[PDB]
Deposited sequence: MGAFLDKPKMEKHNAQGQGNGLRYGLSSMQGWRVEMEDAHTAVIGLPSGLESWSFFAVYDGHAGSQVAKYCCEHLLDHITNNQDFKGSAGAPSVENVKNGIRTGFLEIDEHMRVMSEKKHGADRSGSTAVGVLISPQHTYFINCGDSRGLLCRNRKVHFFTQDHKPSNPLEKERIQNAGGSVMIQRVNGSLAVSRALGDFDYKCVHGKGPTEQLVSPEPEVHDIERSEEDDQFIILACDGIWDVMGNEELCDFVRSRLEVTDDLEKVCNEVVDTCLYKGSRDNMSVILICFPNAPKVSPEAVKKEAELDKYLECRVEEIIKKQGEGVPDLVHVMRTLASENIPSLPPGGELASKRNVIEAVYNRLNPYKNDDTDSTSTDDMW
């Protein structure tokens, strides 16, 4: 199958500020032969929603066409429908929820007609996870197995529930749509029960758009904002989540934020830590920080410098036939070094270790 001989560690970053928000993001192809993730990051929405922002991560599969179309138009499909609009003053929570549901269903059908029309040869599909942030609500949006979480008061206040085929209701639908869930896959093939695209799984005659083997229907949750307590939001594809849990990642990002305010760097650190933890998938993260996101701490920066220096000395002593990096990491791990980044652990310190190793054993 895919898998490069070596991972494409090139980071594609972006950052911005506006509407009281700050953000950074990182996308990296990793070990996969192709890059099928995509994203949207926008502060200030058109048509009278300049106070609104929108961020989303798309994990494409069997191609990037659906993911890419989604990242450039899922938003307008959401905001530009009669349900979201619901012509009145500002959109009510229901307008926003209905607007999003319709946006998903409409862009799905819309891509389907384009494909049928132009004899599209791809059979790709994509997940979508994001947040629609208004001046008073963050509406989490989920469709698939990508995941998002809101850290509030140093804790995981909310996180999206991944749509897996064996989930009771998904399984129910799948079976009623004539399919079966074999272990964790729709008919032994698809590992997600919801996604846009995957039109071959949406041909069950006698079933609605949301009653097919794979559903384009999103789960939306309205969370009232808290200026005082809202810290940050993390949106990432399963390439991240496969190897780091909710509180681990949350704890990890906090530790990195106490050390830097460069949100692109924090995202790169999450991606490399997950690659070092063994993720062999495309990886994408969007970190959106609120006014009360943790701040850089002088003592935290000190402890980091101390740890980096300490790790460099260990390598010097360990490297001494001169063991390969794989083995130096092995030694370091058996030493059970204290004060390693929470959640990220030694893997989050691999670039420091490897940089020293490289200076000492350049050939």
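Novice: How would you list, in order, the spans of the deposited sequence that the model does not cover?
Specialist: Several regions go unmodelled: 1, 322 to 325, 369 to 382.
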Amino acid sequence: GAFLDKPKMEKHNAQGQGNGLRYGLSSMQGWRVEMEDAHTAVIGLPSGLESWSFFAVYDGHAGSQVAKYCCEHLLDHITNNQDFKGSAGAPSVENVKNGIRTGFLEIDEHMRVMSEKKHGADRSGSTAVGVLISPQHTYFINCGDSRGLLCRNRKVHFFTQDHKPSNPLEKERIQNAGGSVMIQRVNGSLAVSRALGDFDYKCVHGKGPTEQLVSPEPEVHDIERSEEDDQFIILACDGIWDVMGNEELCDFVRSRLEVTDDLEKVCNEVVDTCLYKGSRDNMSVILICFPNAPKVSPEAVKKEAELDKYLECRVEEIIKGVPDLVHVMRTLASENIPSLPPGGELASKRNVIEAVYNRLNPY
From here on, numbers count along this sequence of modelled residues.
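Whichever C-alpha set is largest while still superposing within 1.5 Å between the two forms counts as the rigid core.
Novice: Can you check whether 84 to 92 or 161 to 169 lies farther from the displayed model in 6 other deposited structures of this protein, averaging C-alpha distances as RMS after superposing on the core?
Specialist: Per-stretch check in 6 other deposited structures of this protein: the more divergent one is 84 to 92.
Novice: Report the stretch with the higher mean CA temperature factor, choosing between 219 to 227 and 140 to 148 on the basis of the entry.
Specialist: Averaging CA B-factors over each stretch, the winner is 219 to 227.
Novice: Going by the mean C-alpha B-factor recorded in the entry, which is higher: 256 to 264 or 162 to 170?
Specialist: Comparing averages over the C-alpha atoms only gives 162 to 170.
Novice: Please work out which residue in 301, 41, 70, 49 has the highest C-alpha B-factor recorded for this crystal structure.
Specialist: Top of the list by C-alpha B-factor: 49.
Novice: Can you tell me which of 278, 130, 120, 197 has the maximum CA B-factor listed in the PDB entry?
Specialist: In the PDB entry, the greatest C-alpha B-factor among 278, 130, 120, 197 is found at 120.
Novice: Pull the Cα B-factor of residue 9 out of the PDB entry and bin it into the chain's lowest, middle or highest third.
Specialist: Middle third - that is where residue 9 ends up once the chain's C-alpha B-factors are sorted.
Novice: Taking the C-alpha B-factors as the PDB entry records them, is residue 193 in the lowest, middle or highest third of its chain?
Specialist: Middle third by C-alpha B-factor.
Novice: Against its chain's modelled residues, does residue 57's Cα B factor rank lowest, middle or highest third?
Specialist: For residue 57, the deposited C-alpha B-factor lands in the lowest third.
Novice: State the tercile, meaning the lowest, middle or highest third, of residue 99 with respect to the CA B-factors recorded for its chain.
Specialist: Residue 99: CA B-factor falls in the lowest third of its chain.
Novice: Tell me, lowest, middle or highest third: where does the Cα B factor of residue 314 rank within its chain?
Specialist: Middle third, going by the recorded CA B-factors of the chain.
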